[PDB]
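*Asks:* take a look and give me a structure for this.
(2 chains)
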Amino acid sequence: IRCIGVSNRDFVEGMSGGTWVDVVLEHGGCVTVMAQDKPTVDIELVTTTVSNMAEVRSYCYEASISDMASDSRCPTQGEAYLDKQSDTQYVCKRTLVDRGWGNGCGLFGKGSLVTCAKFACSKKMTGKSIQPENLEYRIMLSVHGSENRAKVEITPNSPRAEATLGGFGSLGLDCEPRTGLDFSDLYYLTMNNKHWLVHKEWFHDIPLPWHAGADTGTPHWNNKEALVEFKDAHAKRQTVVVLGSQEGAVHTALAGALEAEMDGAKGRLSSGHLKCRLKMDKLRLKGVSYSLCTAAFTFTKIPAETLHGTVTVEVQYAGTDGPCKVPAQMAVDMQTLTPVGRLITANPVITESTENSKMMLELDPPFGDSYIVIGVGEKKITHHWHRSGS
Amino acid sequence: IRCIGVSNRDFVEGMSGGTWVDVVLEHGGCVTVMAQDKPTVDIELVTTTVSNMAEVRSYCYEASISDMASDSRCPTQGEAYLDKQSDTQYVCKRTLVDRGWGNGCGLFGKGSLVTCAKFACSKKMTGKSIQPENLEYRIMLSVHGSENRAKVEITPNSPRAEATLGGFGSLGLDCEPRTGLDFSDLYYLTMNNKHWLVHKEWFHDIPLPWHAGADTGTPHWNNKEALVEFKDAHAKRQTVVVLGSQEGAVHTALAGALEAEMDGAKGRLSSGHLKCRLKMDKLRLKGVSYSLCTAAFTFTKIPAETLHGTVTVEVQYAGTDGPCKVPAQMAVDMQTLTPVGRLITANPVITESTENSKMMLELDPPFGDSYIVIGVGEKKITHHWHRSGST
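*Replies:* Numbers count the residues shown, from 1 in each chain, chains lettered A, B, ... in the order given. See the structure here:
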């Protein structure tokens, strides 16, 4: 049986022949929809997905440098020059430095100095834009107690869908995205197999080397000096050093940010919900009624209380007269056997004609004491049940 | 010759037979002290070091995990247990999670879960304490023009030194290391072969796994959770992941921070500051007098203006009558030759008794025009110098 273990479970009763019910589908959640003269159906949001995300920018968060070189000129001898000083792969710093007799110049004064180092990104993160049109909701609908299952897809521009459930007919779905997010304010951020949704203005302020969406042949990095530092400068030399990995810094900065997942080419969202109107006028019981099972039922899984106060049971049927209707009810008075509470797994039917087939039931007992009564006559199951507030 | 190239150069004039002058020694700096009837002397702070620095704490800034296991129990089945759950080298998280028929339990309720993983530091930084007793200032004193050089050491507990300069006598140095660098609220931090001086409270408030001094035995690491997080909580498992390197975060934190330098075995510091008293009553001209050099001087380095408006020259001396007194002056009237300006390299002498020896002179010309005159007679050097007053 589905949903009986789901912590985040809603129970929604129809009304008369009311044709519609409202449901809210949350991630990891489930809605059990019950209606007089209808099969009980479970509706659950499987995934929420954003497709075709577009690269907007990459930041290098780990870099390295190589072949550092310097050129120097004495006072009055012009600008220092290195031919890699115009090479976009190279990060360079030009400066004036004290020169005189002690370091190779005939004049005392400012000499020219340039120092360059080849920049290479070791690791980078990428920010991508997301559009609400590419939002997609995968929803499963199934007959509760079980083609008794159906899967539908729902997008913001295609809010309506129909799900067929075999002999039980069809359900209509009219749905409305409730992400709680403003996509225009956010990017999808990937760093080293981890993913977040982050705010655009935070992302645009990150002090790291960067380039726009990929690509153009081989990468050009802007603001390389965010990870590369030149130290103090001597007569003919500047020491160049690279800063350490900023991965941890980004991690700490993202402590409060919403997490996301991939799987696979599309972004998968962990939050948000979906508001749906359920059309049920075409949902119905199958056209065939069955005689009551006459043989003996026994517990193979004893009654257990779910987190929501309902009760699940598994019974074994000794008879061979399947298909037959399971006699299943609750009573406060074992002599009149008038029903109290209700079945969640409504109209249970043993389908097999073989001996000892098994079946799970979910019951909704009244508050207080009652009896779970399965089967008929002398060999029938009677189990005393207490429904507290816990 | 020293100091002529130093931008941060002070010129201090002696006085009377004044016997003492106040100087300020800065790293990378120089103090040129002149006094009538005294050799000009250069005083320079060459190094500041701290010895015997002592480990106080190490922080992991890059970790890794291994041997990740979980254990789990249904409601009423007791606490989950792992071999390594109270082992100091493992980081563990114990939690409660929803159980029911769908994941193996007969009851619908909270089941117990524990997840553990082995923590290993990949990279760490270390903070050390510094004691003022172990602070040492290395100072050089030399005759300006050049045992013409001496190095002395000044310590908070030994703020007095004397340097002997051979023929020229001796110099006293009385420094006030209170006016120097202050510690007590500082640690010496090393990370990945880079070094800083950092305030103690910041270093103490770093949210990283850590252990004290340090160590022998296998290191324990407090607060491993600083680099290890547990996500999720499934029925029977929990994902454990390590945060990325915090090297860069620390780098950013230390953007301000004083640097650095470790070479070697002792900490070397850069931002120097030392107020000192130079005692000069035992500093003298040599007791030997010399005849003026008779042979020809020629420029091997033509007159050049320093950053401070003085002029340096290098001359070669052809003669073999050394040691002798270099005829060196400035004049404005080449008839009378009355000296103007002064020599910074006072009382210049060729000390070599062999031919073609080289010597540097430093002159302090008047503003405007003058003549540098080196040598005597018809082969003397006469060079027009113009001091613009802009440096």
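*Asks:* which residues touch residue A:341?
*Replies:* A:330, A:363-366, A:370 (Cβ atoms under 8 Å, 6 or more residues apart in numbering or on different chains). (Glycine included, C-beta is placed from N, CA and C.)
*Asks:* please disregard the earlier target; I meant residue A:315.
*Replies:* Residue A:315 sits next to A:297-300, A:326, A:358-359, A:361, A:374, A:381 when contact means Cβ under 8 Å, 6+ apart.
*Asks:* in the sheet, who's paired with residue A:118?
*Replies:* Beta-bridge partners recorded for residue A:118 (DSSP bridges): residue A:66, residue A:90.
*Asks:* how near is it to chain B?
*Replies:* Distance from residue A:118 to chain B, counting by Cβ to the nearest Cβ, to the nearest Å: 20 Å.
*Asks:* contacting residues for that residue?
*Replies:* A:65-67, A:84, A:89-90.
*Asks:* ok, now residue A:165?
*Replies:* So residue A:165 contacts A:39, A:41, A:141-143, A:147-150, A:171, A:283 (Cβ under 8 Å, 6+ apart).
*Asks:* dihedrals phi and psi, it?
*Replies:* Main-chain dihedrals, residue A:165, degrees, to the nearest 10: phi -130, psi 60.
*Asks:* pull out the buried residues from the contacts of residue A:118.
*Replies:* Buried subset of the contacts of residue A:118 (neighbour count, 16 or more other Cβ atoms under 10 Å in any protein chain shown): A:65, A:84, A:90.
*Asks:* pretty sure the last one is touching residue A:117, no?
*Replies:* Meaning residue A:90. Yes. Counting by Cβ atoms under 8 Å, residue A:90 does reach residue A:117; the two are 6.7 Å apart.
*Asks:* list of residues touching the helix or strand hosting residue A:152?
*Replies:* Element membership for residue A:152 (DSSP states H and E) is strand A:149-154. Contact with strand A:149-154 is made by A:46, A:136-143, A:161-165, A:171, A:173, A:175, A:274, as judged by Cβ under 8 Å, 6+ apart.
*Asks:* which ones are touching residue A:296?
*Replies:* A:317-319, A:375, A:379-380.
*Asks:* repeat that for residue A:319.
*Replies:* So residue A:319 contacts A:293-296, A:350, A:355 (Cβ under 8 Å, 6+ apart).
*Asks:* stretch A:208-224 near chain B anywhere?
*Replies:* No. Using Cβ under 8 Å from any Cβ of the partner chain, we find that stretch A:208-224 stays clear of chain B, coming within 9.4 Å at best.
*Asks:* which other residues reach that stretch?
*Replies:* A:54-61, A:63, A:88, A:91, A:119, A:121, A:126, A:207, A:226-227, A:246.
*Asks:* mind saving the C-alpha coords of it as PDB?
*Replies:* Taking Å, rounded to 0.1, in the frame of the first residue of the first chain, the C-alpha atoms of stretch A:208-224 are listed here in PDB:
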ATOM      1  CA  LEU A 208      36.700  35.700  -8.200                       C
ATOM      2  CA  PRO A 209      38.000  35.500 -11.700                       C
ATOM      3  CA  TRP A 210      35.200  34.900 -14.300                       C
ATOM      4  CA  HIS A 211      34.000  34.500 -17.800                       C
ATOM      5  CA  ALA A 212      30.600  34.700 -19.500                       C
ATOM      6  CA  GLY A 213      28.600  31.700 -20.600                       C
ATOM      7  CA  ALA A 214      30.600  29.000 -22.400                       C
ATOM      8  CA  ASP A 215      32.200  29.600 -24.600                       C
ATOM      9  CA  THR A 216      34.400  30.500 -27.600                       C
ATOM     10  CA  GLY A 217      37.500  28.400 -28.300                       C
ATOM     11  CA  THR A 218      39.600  28.200 -25.000                       C
ATOM     12  CA  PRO A 219      38.700  30.200 -21.800                       C
ATOM     13  CA  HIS A 220      39.500  33.900 -21.200                       C
ATOM     14  CA  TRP A 221      39.400  34.800 -17.500                       C
ATOM     15  CA  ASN A 222      38.500  38.300 -16.300                       C
ATOM     16  CA  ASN A 223      39.800  39.700 -13.000                       C
ATOM     17  CA  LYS A 224      42.600  37.100 -12.600                       C
END
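*Asks:* any idea how far that stretch is from the chain center?
*Replies:* In terms of Cα atoms, centre = their mean, to the nearest Å, the centre of stretch A:208-224 is set 30 Å apart from its chain centre.
*Asks:* show me which residues of that stretch are buried.
*Replies:* Neighbour count says stretch A:208-224 has A:208-211, A:219, A:221, A:224 buried, by 16+ other Cβ under 10 Å.
*Asks:* now swap in stretch A:98-109 and tell me
*Replies:* Neighbour-count burial for stretch A:98-109, counted by 16+ other Cβ under 10 Å, picks out A:98-101, A:105, A:107-109.
*Asks:* closest to residue A:192 among those?
*Replies:* Ranked by distance to residue A:192 (Cβ to Cβ), the buried residues of stretch A:98-109 are led by residue A:98 at 44.6 Å.
*Asks:* so what's the closest one up against?
*Replies:* A:109-111, A:235, B:5, B:7, B:307.
*Asks:* ok, what's across the strand from residue A:99?
*Replies:* Beta-bridge partners, per DSSP bridges, of residue A:99: residue A:109.
*Asks:* need the max-distance pair from the contacts of residue A:319.
*Replies:* A:294 and A:355 (13.4 Å).
*Asks:* touching, residue A:323 and residue A:357? I think so.
*Replies:* No. Between residue A:323 and residue A:357 there is no contact under Cβ under 8 Å: 10.4 Å.
*Asks:* need the residues touching each of those two.
*Replies:* What both residue A:323 and residue A:357 touch, as defined by Cβ under 8 Å, 6+ apart, is the set A:350-351.
*Asks:* just the helices in chain A please.
*Replies:* For chain A, helices defined by DSSP state H occupy the ranges A:200-203, A:247-253.
*Asks:* mean neighbour count for the ones you listed - can I get that in JSON lines?
*Replies:* Listed next are the helices of chain A as JSON lines, based on neighbours: other Cβ atoms under 10 Å in any protein chain shown:
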{"stretch": "helix A:200-203", "mean neighbour count": "13"}
{"stretch": "helix A:247-253", "mean neighbour count": "20"}
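*Asks:* columns distance to chain B on top of those, output as CSV?
*Replies:* Below are the helices of chain A laid out as CSV (distance: least, Cβ to the nearest Cβ, whole Å):
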stretch, distance to chain B
helix A:200-203, 16
helix A:247-253, 3
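*Asks:* picking up where we left off before, let's see which of the buried residues of stretch A:208-224 end up in strands.
*Replies:* Using DSSP state E, the members of these that fall in strands are A:210-211.
*Asks:* and the two most separated of the buried residues of stretch A:208-224?
*Replies:* Applying Cβ to Cβ across these, the maximum distance is between A:208 and A:219, 13.7 Å.
*Asks:* contact residues of the stretch 201-350 of chain A facing chain B?
*Replies:* Residues of the stretch 201-350 of chain A lying close to chain B (Cβ under 8 Å from any Cβ) are A:241, A:243-252, A:301-302, A:304-307, A:312.
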